[PDB]
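FYI, the numbering just counts along the sequence from 1. The analysis underlying the following values was restricted to heavy atoms, covering all of them including side chains, and did not include hydrogens, waters or symmetry mates. Counting starts at 1 for both ligands and their atoms, in listed order.
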Amino acid sequence: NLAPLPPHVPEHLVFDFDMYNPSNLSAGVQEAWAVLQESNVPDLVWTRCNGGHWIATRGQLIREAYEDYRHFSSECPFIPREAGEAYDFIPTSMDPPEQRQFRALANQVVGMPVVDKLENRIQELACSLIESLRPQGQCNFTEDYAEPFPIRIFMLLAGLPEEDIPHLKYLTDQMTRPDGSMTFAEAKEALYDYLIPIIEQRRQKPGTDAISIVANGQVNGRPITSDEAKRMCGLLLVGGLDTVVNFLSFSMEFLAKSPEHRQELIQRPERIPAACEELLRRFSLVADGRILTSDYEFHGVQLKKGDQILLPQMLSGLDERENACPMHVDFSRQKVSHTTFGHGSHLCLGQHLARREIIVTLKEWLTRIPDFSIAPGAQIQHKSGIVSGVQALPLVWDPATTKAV
Ligand code: HEM
Ligand SMILES: CC1(C)[C@H]2CC[C@]1(C)C(=O)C2
Ligand SMILES: [K+]
């Protein structure tokens with residue numbers, strides 16, 4: 001149920017939003033979150049759900065809060081409170097100045113030059129998976145492409161066996177969209193139980209994979225400890241297994257429902273980079289936040305030391321103060337404004353690898369299967385959380401319209 005109102009929270013600012021189960025969920029998850037941006041609702045509200053916390057609802061306030069690490073700390077970034085307390089991943093659980101040194105090391109394994117290195121295998125794998133599904137006339141897109149494609153690339157990058165994917169994917173999902181069988185703390189500890197033996201193994205026998213580079217790496221001179229390497233590798237696992245996976249499915253659900261947008265990109269495959277950005281704005285999917293270090297008056301509201309505030313990256317680009325007609329997808333938008341990959345000092349390091357997996361998917365899929373639909377009568381359901389997603393996505397096409405390349 002609800003959590004009792006704190007003394008400092010005025011009554012006219014209460015709007016009971018549940019981020020794990022929004023009441024408008026059937027209309028789509030972005031639409032369900034967009035109810036916070038209607039005429040009746042203020043820029044900053046308090047919900048009594050999930051222990052009780054603030055939510056900033058506007059792009060202006062979300063950008064402002066992510067720039068100010070002094071008042072708004074990363075130490076406790078997840079809601080509910082006990083998930084945020086247990087959270088100790090690197091570099092996401094630290095503020096500047098100390099987080100900055102770990103960023104350069106993580107950038108060695110997921111940054112731009114490693115993307116260039118992988119580009120040939122990313123190409124190879126997409127074409128292979130799509131050419132396999134092509135004669136079939138149908139697929140559950142989430143199972144058949146959206147999961148195997150990003151995840152297999154990450155397991156290659158990190159040098160882990162493919163047979164381990166089911167176990168790891170399950171644990172990751174409990175951290176982002178819990179079903180109640182595991183607490184955040186139990187999920188995290190089980191991921192660490194997996195990593196520790198492997199990090200010890202590649203510290204005595206180094207390879208060229210991602211885990212070997214992190215474990216044998218250096219932060220601003222000094223050798224990195226086994227503990228820090230475990231906490232950095234934990235984040236990379238979560239990021240590689242539950243981000244692009246979920247976004248690909250939102251993008252393809254839209255494309256199956258809009259043959260005009262599908263056609264524009266077939267006619268002009270050079271607009272596909274630009275299309276990628278608009279889809280990232282419209283189908284943004286991440287929402288975490290920050291904790292108040294002191295009492296602070298933020299835009300005429302009293303925040304108290306210890307309060308959690310959810311600062312949904314998702315909402316910035318759906319805000320009509322930033323983009324006009326925000327629920328409409330337009331590939332020739334003049335300025336595409338979002339904070340899909342974050343804002344401030346914690347800007348997503350894997351964003352280059354993300355965009356390449358997205359752009360290669362669009363180009364290579366439309367090139368082979370230009371005409372497809374949602375399976376008729378099937379109702380598409382979303383799920384909300386720290387990272388939102390899609391439960392299933394049955395597609396159908398007719399194999400005579402396809403092209404073997
Ligand atoms: C659709 C794809 C993706 C989205 C929307 C996304 C979103 C984000 C967001 C919002 C943050 C900031 C978190 C915060 O401020 O608390 C972030 C950080 C981060 N992401 Fe991503 N991400 C994506 C893909 C990836 C991938 C594929 C990886 C690579 C394994 C990854 C690795 C990281 C890392 C290492 C950080 C931590 C950076 C730091 O704290 O300094 N992300 N991402
Ligand atoms: C997307 C992410 C990698 C980023 C925000 C949520 C996430 C799952 C993390 O724990 C950090
Ligand atoms: K913490």
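- Using a 4.0 Å cut-off between a side-chain N of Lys or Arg and a carboxylate O of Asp or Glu, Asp330 and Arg333 do not qualify as a salt bridge.
- Looking at atom 5 (C) of ligand 2, its nearest protein heavy atom turns out to be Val286 CG1, 3.9 Å.
- The protein heavy-atom contact nearest to atom 32 (C) of ligand 1 is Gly350 N, 4.1 Å.
- Which parts of ligand 1 touch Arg290 is read off a 4.0 Å heavy-atom cut-off, strictly below it: atoms 14 (C), 15 (O), 16 (O).
- Put simply, the side chain of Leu168 does not reach to within 4.5 Å of the side chain of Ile151, judged on heavy atoms.
- In this structure, the protein non-hydrogen atom closest to atom 12 (C) of ligand 1 is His346 O, 3.4 Å.
- Coordination check, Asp88 versus the K ion (ligand 3): failed, since every N/O/S atom of the residue sits at 3.4 Å or beyond.
- Using a cutoff of 4.0 Å between basic side-chain nitrogens and carboxylate oxygens, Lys305 and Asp295 are not scored as salt-bridged.
- Ionic pairing of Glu119 and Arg356 is present here: one or more N-O contacts between side-chain nitrogen and carboxylate oxygen are shorter than 4.0 angstrom.
- Between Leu280 and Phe341 there is a side-chain heavy-atom pair separated by less than 4.5 Å.
- With respect to atom 6 (C) of ligand 2, the closest heavy atom belonging to the protein is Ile386 CG2, 4.1 Å.
- Annotation for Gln334: atom CD does not count as buried by contact number, only 12 or fewer foreign heavy atoms lying within 6.0 Å.
- Heavy atoms of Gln351 found under 4.0 angstrom from ligand 1: none, in either backbone or side chain.
- Interface atoms of ligand 1 facing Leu236, defined by a heavy-atom separation under 4.0 Å, are 30 (C).
- For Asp193 (side chain) and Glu189 (main-chain N/O), no donor-acceptor pair under 3.5 Å exists by modelled atom type.
- Protein heavy atom in closest approach to atom 26 (C) of ligand 1: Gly239 O, 3.6 Å.
- Residue contact check: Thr92 has heavy atoms under 4.0 Å from atoms 16 (O), 37 (C), 40 (O) of ligand 1.
- In this structure a side-chain-to-backbone donor-acceptor pair under 3.5 Å is missing from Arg282 to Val329.
- Ring geometry for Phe283 versus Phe250: interplanar angle under 30°, hence parallel rather than tilted (30 to 60°).
- Ligand 1 places these atoms under 4.0 Å from at least one heavy atom of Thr340: 5 (C), 7 (C), 10 (C).
- Although no hydrogens or angles enter the test, the distance criterion places no donor-acceptor pair under 3.5 Å between the side chain of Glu277 and the main chain of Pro273.
- Here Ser93 does not reach the K ion (ligand 3): none of its N/O/S atoms is less than 3.4 Å from the metal.
- Taking the six-membered ring where the residue is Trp, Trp365 and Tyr145 present perpendicular rings, their angle passing 60° and hence far from 30°.
- Distances below 4.0 Å separate heavy atoms of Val238 from the following atoms of ligand 2: 8 (C).
- Less than 4.0 angstrom separates some heavy atom of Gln99 from each of these atoms of ligand 1: 41 (O).
- Per-residue contacts place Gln313 under 4.0 angstrom from the following atoms of ligand 1 (heavy atoms of the residue considered): 10 (C), 15 (O).
- Among the heteroatoms counted here (N, O or S) of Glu85, O is the one nearest to the K ion (ligand 3).
- With a 4.0 Å cut-off on non-hydrogen atoms, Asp288 touches ligand 1 through its side chain and not its backbone.
- The backbone N or O of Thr208 lies less than 3.5 Å from no partner atom in the side chain of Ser212, so there is not a single donor-acceptor pair.
- Among the backbone and side-chain atoms of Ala86, none of the N, O or S atoms lies under 3.4 Å from the K ion (ligand 3).
- The shortest heavy-atom distance from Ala106 to ligand 1 is not under 4.0 Å.
- Not one N or O on the side chain of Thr47 forms a donor-acceptor pair closer than 3.5 Å with the backbone of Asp18.
- Nearest protein neighbour of atom 41 (O) of ligand 1, counting heavy atoms only, is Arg103 NH1, 2.7 Å.
- At the top of the distance list for atom 3 (C) of ligand 2, counting protein heavy atoms only, stands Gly239 CA, 4.0 Å.
- Below 30°, between 30° and 60°, or above 60°: for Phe89 and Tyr192 the angle between ring planes is above 60°, a perpendicular geometry.
- Remark: ligand 1 atoms within the under-4.0 Å shell around heavy atoms of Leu285 are 5 (C).
- Shown are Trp46, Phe15, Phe72; of these, the ring pair (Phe, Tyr, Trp, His ring centres under 6.0 Å) with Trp54 is made only by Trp46.
- Counting heavy atoms closer than 4.0 Å to ligand 1, residue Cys348 contributes atoms from both its backbone and its side chain.
- Formation of a donor-acceptor pair under 3.5 Å by the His382 side chain with backbone atoms of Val29 is found in this model.
- The residue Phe341 has no part lying near ligand 2, judged by heavy-atom distances below 4.0 Å.
- Take the K ion (ligand 3) as the corner point: the lines to O of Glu75 and to O of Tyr87 open at 110°, to the nearest 10 degrees.
- Under a 4.0 angstrom heavy-atom cut-off, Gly240 registers as being in contact with ligand 1.
- Distance from atom 24 (C) of ligand 1 to its nearest protein heavy atom, with residue and atom name: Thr243 OG1, 3.3 Å.
- Remark: the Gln60 side chain and the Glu322 side chain contain no N/O donor-acceptor pair separated by less than 3.5 Å.
- When distances from atom 9 (C) of ligand 2 to the protein are checked, a heavy atom turns up under 4.0 Å.
- The residues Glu253 and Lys257 are annotated as salt-bridged, a charged nitrogen and a carboxylate oxygen being separated by less than 4.0 angstrom.
- The N/O atoms of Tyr87, backbone and side chain alike, include one that comes under 3.5 Å of an N/O atom in ligand 2.
- In this model, a donor atom of one side chain and an acceptor atom of the other lie less than 3.5 Å apart for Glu200 and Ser226.
- Of all the atoms in ligand 1, the ones that sit under 4.0 Å from a non-hydrogen atom of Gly342 are 10 (C).
- The nearest non-hydrogen atom to atom 1 (C) of ligand 1, considering only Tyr87, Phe154, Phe283, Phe247, comes from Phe247.
- Every atom of ligand 2 with a heavy atom of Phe78 under 4.0 Å away is listed here by number and element: 10 (O).
- Ranking protein heavy atoms by distance to atom 1 (C) of ligand 2, first place goes to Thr243 CG2, 3.7 Å.
- Contact annotation: for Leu235 versus ligand 1, heavy atoms closer than 4.0 Å belong to the side chain alone.
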